[PDB]
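Participant: Before I ask anything, let me first share the structure, which is written out below as structure tokens.
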Amino acid sequence: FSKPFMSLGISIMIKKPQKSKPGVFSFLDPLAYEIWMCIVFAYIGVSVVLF
Amino acid sequence: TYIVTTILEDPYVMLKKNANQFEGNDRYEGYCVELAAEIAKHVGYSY
Amino acid sequence: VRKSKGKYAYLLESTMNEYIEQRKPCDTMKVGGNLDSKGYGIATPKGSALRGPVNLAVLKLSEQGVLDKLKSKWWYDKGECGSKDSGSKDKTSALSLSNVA
Amino acid sequence: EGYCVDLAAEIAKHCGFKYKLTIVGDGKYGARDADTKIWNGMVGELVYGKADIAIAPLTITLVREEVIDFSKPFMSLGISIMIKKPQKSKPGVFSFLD
Ligand SMILES: O=c1[nH]c2cc(C(F)(F)F)c(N3CCOCC3)cc2n(CP(=O)(O)O)c1=O
Ligand SMILES: CCCCCCCCCC
Ligand SMILES: CCCCCCCCC
Ligand SMILES: CCCCCCCC
């Protein structure tokens, strides 16, 4: 054998994480869709009762 | 002359396109091919 | 690995990992350093006069910065997806505009 | 007792021989003299018959392989970069716009 002309080693290969562009309505994530609708139905319900 | 062996299924030695136009070692292109040419030029022997 | 999407971490050599990341559609990347240490090398029949001058030529090419040039040419200067945005975009801690779009 | 000491102790085990942990009196490495054209350090000691082997991190190159037959490198070096640890900088004015 001659002198090593290139060094190497056992490396790890994982899937490159994408940019993960958030959705347009990403701000509606902390509250579920059921909560947002129930708020609107409770909003109109309180208004009619108040009237 | 000298007889030199190498492997093909690797990114080091590959079969360049249009191999029918070329012939012999001129058709084979790759990183390992350039290394063999530089070593043969430094030592000074045909292969 | 490309189909697992962050579930299968293949363990291969360094040179094959760098080539499959650059000279292929770069949907995967290499992370971390080498676990063990190996080394390639050209051979010569046992007891042949083509070992001394050949070994001196390999050390001469590696000293003159030739092997580093050939590696950077075949691994980076000829990649499939290339080096898009070579300057690594730092992770902005501030909130983006698309999050409240 | 260190890295090269343990390396020599392991080499002498697989290759049985009598060895003495001598230390070079010059403390230098292989350097060709300008006008004298004589080596120094471990290369100068091995070229003139002072030691039997050199268990030390000698950087292999062309100027040294022509006079001393090296072996397969047990470790690879690299010209790396060192910097201060990225500590938390002093938060200046207008820090509420973060
Ligand atoms: O064969 C060689 N092996 C060497 C090994 C080391 C280390 F192992 F890191 F101790 C160092 N150092 C790095 C920084 O300076 C202090 C000691 C110098 C080496 N040198 C001199 P160079 O060639 O000028 O680098 C050689 O010649
Ligand atoms: C998640 C789809 C419905 C979003 C409704 C948001 C209502 C906001 C005012 C209560
Ligand atoms: C972090 C210090 C920023 C200072 C900005 C001064 C701008 C003056 C117009
Ligand atoms: C699908 C939900 C639509 C809500 C429109 C706005 C109601 C106040």
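Chain C residue numbers are taken from Swiss-Prot; in order, the displayed residues are 707-807.
For this deposited structure, the header notes the method as electron microscopy, 3.4 Å.
Using the three backbone atoms N, Cα and C, a Cβ is placed for every residue, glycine included.
Feature list, courtesy of Swiss-Prot:
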| type | residues | note |
| --- | --- | --- |
| DISULFID | C:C732-C:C787 | disulfide bond |
| MOD_RES | C:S710 | phosphoserine |
Participant: With H, G and I counted as helix, E and B as strand and the rest as coil, say where DSSP puts C:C732 (disulfide bond).
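Facilitator: Going by the DSSP assignment, C:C732 (disulfide bond) belongs to neither helix nor strand, so it counts as coil.
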Participant: Within 10 Å of the Cβ of C:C732 (disulfide bond), how many other Cβ atoms can be counted across all chains shown?
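Facilitator: Result for C:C732 (disulfide bond): 16 other Cβ atoms within 10 Å.
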Participant: Which of the three DSSP-derived classes (helix, strand, coil) applies to C:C787 (disulfide bond)?
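Facilitator: The three-state answer is coil.
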Participant: Using Cα coordinates, what distance in whole Å links C:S710 (phosphoserine) and C:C732 (disulfide bond)?
Facilitator: 15
Participant: How many other Cβ atoms sit within 10 Å of the Cβ of C:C787 (disulfide bond)?
Facilitator: 12
Participant: What number of additional C-beta atoms lies within 10 angstroms of the C-beta atom of the residue listed as 'phosphoserine'?
Facilitator: 12
